[PDB]
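Student: Starting off with a structure, shown below.
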Amino acid sequence: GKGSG
Amino acid sequence: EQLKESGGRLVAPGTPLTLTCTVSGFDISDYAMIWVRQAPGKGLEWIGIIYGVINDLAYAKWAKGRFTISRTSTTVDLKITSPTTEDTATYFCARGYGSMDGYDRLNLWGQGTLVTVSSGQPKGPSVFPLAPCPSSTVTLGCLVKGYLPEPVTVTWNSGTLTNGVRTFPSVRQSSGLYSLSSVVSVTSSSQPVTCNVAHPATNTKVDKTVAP
Amino acid sequence: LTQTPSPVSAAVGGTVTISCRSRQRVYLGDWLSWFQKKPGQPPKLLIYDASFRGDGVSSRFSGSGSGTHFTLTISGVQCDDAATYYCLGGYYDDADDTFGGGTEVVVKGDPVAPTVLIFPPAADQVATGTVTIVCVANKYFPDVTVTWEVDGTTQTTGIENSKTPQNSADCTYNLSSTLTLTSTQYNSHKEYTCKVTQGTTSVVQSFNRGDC
């Protein structure tokens with residue numbers, strides 16, 4: 001899961 | 001569901017300031033919270049995000065250390081570490097949808113709070129009545145002059161008189177102070193018309209009855 | 001981000017399309033949101049994910065595009081659409097999220113010549129050593145220019161103008177124009193004149209100090 005990147 | 005910003009005020013440059021966004025009607029841990037600002041006469045500017053649904057945080061690439069963002073259970077905060085005049089702006093917080101994939105859909109916003117960065121001191125307004133020098137209706141007003149910081153609020157007859165009221169955008173003097181006027185058109189009576197001025201920053205409340 | 005330059009003009013009931021261009025591809029090719037922004041009001045989400053309309057947002061608003069090129073289209077334009085419009089680019093990294101420069105939409109409704117009023121400084125204002133004369137141009141369209149005259153002489157300094165946003169019902173503006181003088185200047189002259197020009201039309205309002 002990348003979230004905020 | 002509601003967002004309310006608070007904390008805006010007049011600060012000297014370099015003096016740290018923390019803004020607060022208080023949440024109601026939903027849970028922060030199911031969303032993400034975003035800070036945005038707008039300096040007077042300029043565009044919207046993305047500042048940073050803090051997630052609740054996942055545990056993540058990001059500042060705009062240009063932040064470089066100018067801001068701190070943290071959460072409580074019912075608030076998110078924004079600290080301006082060393083404020084400059086460039087940080088004079090209206091600050092908004094917004095709720096976005098969130099997941100592992102990031103955020104989206106900023107469909108809820110607070111009303112904003114005003115940060116004013118200057119070396120000056122808060123100052124109450126002076127209020128002057130506005131009246132013409134043989135008609136069915138008449139326009140009267142109030143000039144609200146020499147105050148700092150923004151805003152002031154103007155009402156007429158304690159909020160009962162609302163039709164025909166025109167309040168103008170404020171103007172920043174070269175002195176750094178602000179001024180505005182508000183006018184109201186009424187069916188010319190023997191009746192007294194009174195404007196009600198409040199300046200929350202100096203706890204100032206002035207009433208002026210205007211003659212025709 | 002690059003948006004259609006301000007201002008942009010559209011007639012009531014007409015159709016306007018504004019565009020947004022990003023150097024980088026937005027997240028999943030379509031992370032782009034559209035916001036309405038009016039002074040003293042928070043951003044309002046119109047479109048998210050390039051083409052999806054926010055809850056309770058009029059079907060008159062629609063968006064499209066992919067990658068780096070995007071549009072917002074407003075059809076059946078109303079005076080209530082008079083605002084600045086911002087696009088927001090979302091990217092893989094939140095830190096890259098950025099607003100466009102904003103596109104001001106001016107809505108062209110029925111032309112109205114202004115109602116002009118002039119207010120002499122109140123007595124208590126003269127006592128302070130400084131006076132502010134107020135001229136007001138109410139309920140007009142299109143834009144106007146203001147000229148001040150003191151005993152016939154065009155004034156060159158001491159003038160401040162503040163224009164309200166367009167009225168959400170009839171697209172008209174309100175304007176206040178102030179002339180600031182020292183009490184000595186004010187008492188050394190007789191005729192004070194506010195001249196508001198709209199195209200080839202002028203509306204002039206005056207008073208004579210002494211009749212006050």
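Please treat every number below as a calculation from the coordinates, not as lab data. Positions of Cβ are generated from backbone atoms using ideal geometry, with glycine treated the same way; all protein chains shown enter the neighbour counts.
Student: Whose amide H sits under 5 Å from the amide H of residue C:78, counting only residues 5 or more places off or on another chain, with H placed in the peptide plane?
Tutor: Counting only residues 5 or more places away or on other chains, the set is C:13.
Student: May I ask for log10 I(q)/I(0) of segment C:129-182 at q = 0.31 Å⁻¹, from a Debye sum over the Cα atoms as equal point scatterers with solvent left out?
Tutor: -1.24
Student: Just to confirm a number: summing +1 for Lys and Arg and -1 for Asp and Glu over residues other than residue B:197 whose beta-carbon lies under 9 angstrom from that of residue B:197, what do you get?
Tutor: Within the 9 Å Cβ shell, the charges total +1.
Student: Another question, if that's okay. Quick check on my link table: of C:163/C:195; B:61/C:38; B:205/C:44; C:38/C:163; B:145/B:208, which ones sit more than 23 Å apart, alpha carbon to alpha carbon? The partial results should precede the final answer.
Tutor: Values: C:163/C:195 16 Å; B:61/C:38 27 Å; B:205/C:44 33 Å; C:38/C:163 14 Å; B:145/B:208 13 Å.
Beyond 23 Å between Cα atoms: B:61/C:38; B:205/C:44.
Student: To continue, here is another question. Determine the distance separating the Cα centre of segment B:79-117 from the Cα centre of segment C:83-98; give it in Å without decimals.
Tutor: 13
Student: Follow-up question, since we're still on this one. With the cut-off at 1.5 for a/c, could you classify segment B:92-165 from its C-alpha gyration tensor as rounded, prolate or oblate?
Tutor: Oblate is the answer for segment B:92-165, as a/c is 1.5 or above yet b/c matches or exceeds a/b.
Student: Let me ask you something else. Can you work out ³J(HN,Hα) from phi for every residue in segment B:5-10, in order, using Karplus 6.51 cos²θ - 1.76 cosθ + 1.60 and θ = phi - 60°, giving whole Hz and x for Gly and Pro?
Tutor: Each residue's phi maps through the Karplus curve to give 7, 7, x, x, 5, 7 Hz.
Student: Between C:122, C:50, C:137, which gets the highest mean-square fluctuation from a Gaussian network model of chain C, Cα cutoff 10 Å?
Tutor: C:122
Student: So what is the diffusion coefficient of the protein assembly as shown in µm² per second by Stokes-Einstein at 25 °C and 0.890 mPa s, using a Kirkwood Rh over Cα pairs?
Tutor: Values: Rh = 23.7 Å.
D = 104 µm²/s.
Student: Order of B:106, B:114 from fewest to most other C-beta atoms within 10 Å?
Tutor: B:114, B:106
Student: Can you compute the equivalent ellipsoid semi-axes for segment B:63-202, i.e. the square root of 5 times each eigenvalue of the Cα gyration tensor, sorted largest first and rounded to whole Å?
Tutor: 40, 21, 12
Student: When the helix-only estimate is applied to chain C (DSSP H runs of n ≥ 4, each -39,500 (n - 2.57), divided by the residue count), what is the mean residue ellipticity at 222 nm, nearest 500 deg cm²/dmol?
Tutor: Computed mean residue ellipticity for chain C: -500 deg cm²/dmol.
Student: What GluC sites (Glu not before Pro) does segment B:1-89 have in DSSP loop regions with at most 10 other beta carbons within 10 Å?
Tutor: Loop-located and lightly packed - B:1.
Student: If only Cα atoms are counted, what is the Rg of segment B:67-130, and what is its Dmax, in Å?
Tutor: Calculated on Cα positions, Rg and Dmax stand at 17.2, 59 Å.
Student: Right, something else. Only Cα pairs within less than 10 Å get springs; with that Gaussian network setup on chain C, which residue of C:176, C:58, C:66 has the largest fluctuation?
Tutor: Fluctuation is largest for C:58.
Student: What span do the alpha-carbon atoms of segment B:22-117 cover on each of the three principal axes, reported in whole Å from largest to smallest?
Tutor: Reported extents, whole Å, longest axis first: 35, 26, 22.
Student: Taking Rh as the Kirkwood radius computed over C-alpha pairs, what is the Stokes-Einstein D of segment B:120-212 at 4 °C in a medium of viscosity 1.567 mPa s, expressed in µm² per second?
Tutor: For the chosen part, D equals 95 µm²/s.
Student: Taking the Cα centroid of segment C:42-73 and of segment C:143-212, what is the distance between the two, rounded to the nearest whole Å?
Tutor: Between the Cα centre of segment C:42-73 and that of segment C:143-212, the gap is 42 Å.
Student: In 5 Å bins starting at 0, how do the alpha-carbon pair distances of segment C:1-109 split up by percent?
Tutor: Reading the bins upward from 0: 2, 14, 24, 25, 20, 9, 4, 1, 0.
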